[PDB]
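Q: Encoded as structure tokens, here's the structure I'll be asking about.
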Amino acid sequence: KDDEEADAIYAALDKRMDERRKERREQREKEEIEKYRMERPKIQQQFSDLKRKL
Amino acid sequence: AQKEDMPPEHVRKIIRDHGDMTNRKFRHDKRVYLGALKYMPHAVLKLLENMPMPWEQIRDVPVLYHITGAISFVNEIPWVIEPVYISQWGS
Amino acid sequence: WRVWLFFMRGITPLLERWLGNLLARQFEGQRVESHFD
Amino acid sequence: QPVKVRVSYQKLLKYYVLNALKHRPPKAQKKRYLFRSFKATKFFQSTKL
Amino acid sequence: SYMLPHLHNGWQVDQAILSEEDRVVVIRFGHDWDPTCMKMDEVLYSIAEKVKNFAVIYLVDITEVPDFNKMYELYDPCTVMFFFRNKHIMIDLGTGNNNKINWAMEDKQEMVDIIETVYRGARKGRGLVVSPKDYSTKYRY
Amino acid sequence: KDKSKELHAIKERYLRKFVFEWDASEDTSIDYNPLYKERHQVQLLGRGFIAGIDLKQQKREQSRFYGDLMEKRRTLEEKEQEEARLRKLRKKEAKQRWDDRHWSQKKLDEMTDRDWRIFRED
RNA sequence: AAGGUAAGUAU
RNA sequence: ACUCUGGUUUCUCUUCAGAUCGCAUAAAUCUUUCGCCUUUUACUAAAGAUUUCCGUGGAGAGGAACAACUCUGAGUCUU
């Protein structure tokens, strides 16, 4: 089982290289999603009151 | 501890050992071997930027080489003093 | 030499991601109007 | 000077101007270094060649 | 998408292809959430009843059923494949890939024509059928 | 011709294949104004030279205005120092040209290794 | 780089 | 004219980056405007927003070379 312990090394290496801006880009996309949903709400939330009334 | 610099003959012996796919001595070390081949462009980029200049016969560079001979990077950035570099290229 | 190195820095991610997703064990792969309905 | 070298001059200036115009300040990052995490793992060795 | 029958494992896909002896089995490999797959599945649902006599339509989730990803190259976002009497049928679509339809088709008549051509050719014994429409160009003007 | 170029400019203002080469039509350095065509190149006080271009050729393309100004304003005493410097530099460059000459001006016995390989490479 | 795979029986 | 003052180099890690991070300069995706248009994968070239990549500075931390004396200012600094 010397292969499944070697794929993890390269996978962790790739994750470490992605760690440069992972927090700084997954946070900006969060604010973009919130801003987009402020103007255009989700479809399920547009029927939340009606779904409640069922 | 810390990893020391291996003698230059180690990489030569490893590469001569890694002849071809026909040889049956190495057939199971695949994930360790070809998992690092995706970084081949860096090996392309690292040596081309460390190209010896016209005023140098031999340019020894530090090398970070895979333990299986799969890949070798020139682990060095060509840092130069800009007036010295410009004067050398003017010469 | 420097021009092709500047090309190289940009093209390295493409080749790296194309390779690493190719010789890996697991491979990975008009909708605007037919969306909201 | 001939026409082709002149056009070379304007095109080099064009690329220089485009680079200097469409330039954004580099984005903040956590400084993860490659060739430093290779040798951390037991898969790469260092030498001089 | 959520109306057509769903196959949940490779054995179910095997049995679905094996079970039908006089109808072409149309299988959509993909994901319910994929927009291309939603367009393809809504077209299939539109024509599901009309082709009842000579076609049966099933939906297979490749993430849930990755059993045929390697052999059938099910790596495009959407894939439509036709089988007849346990035999994959190829279509000369003009796209360069005769083994599958790997895009969403808008018109519901074109899919009916493709299924009808596949049924005719397969009942005649052919393994390749030339589609009535050449898909080397989207005919956008 | 050029007179109508100005009027044409005034009127215009108011009223598959890989191409490695750059088309000559893309050239912008085309002007009707004699001022903007034959521009006055920077003399740099007769002591500065454009980069890349060799200094020896640049010296003989000089306008000679500053050379005449120097030979006019200079007194005899300060003229002798410049004459001596010019003679010394001329002698040094003559020695350099004598050492760096073609093999046609050298005998076989006095050939150097560099000249030998130059002759062989011909 | 492609949109240029005849299909079918038989081992 | 005095006692204490504690280095520099280098290898890594963790973060923050306003600033020409960079006196240098690529690529990708998306959104618009175009030019080819014949279908993606490549493109024509401007704009906008992003991502990745080649590099960078500051700070903090952890080892090593360093071996430490002293640089150095603090001062009663002395005739």
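Just so it is clear, chain E uses Swiss-Prot numbers, and the residues here are 2-142, in order.
The deposited model was determined using electron microscopy, 3.1 Å.
The backbone N, Cα and C atoms fix where each Cβ goes, and this holds for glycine too.
Just lifted these from Swiss-Prot, have a look:
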DISULFID  E:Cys38-E:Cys79  disulfide bond
MOD_RES   E:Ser132  phosphoserine
Q: List the residues of the same chain that sit at least 6 positions away from E:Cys38 (disulfide bond) in sequence and have their Cβ under 8 Å from its Cβ, in sequence order, or write 'none'.
A: E:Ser2, E:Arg29, E:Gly31, E:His32, E:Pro78, E:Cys79, E:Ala105
Q: What three-state class does DSSP give E:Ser132 (phosphoserine)?
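A: DSSP assigns E:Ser132 (phosphoserine) to coil.
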Q: In sequence order, which same-chain residues at least six apart have a C-beta under 8 angstroms from E:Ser132 (phosphoserine)?
A: E:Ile92, E:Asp93, E:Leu94, E:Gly95, E:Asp114, E:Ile115, E:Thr118
Q: Report, as a single number, how many Cβ atoms besides its own are within 10 Å of the Cβ of E:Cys79 (disulfide bond).
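A: Looking across every protein chain shown, the total is 23.
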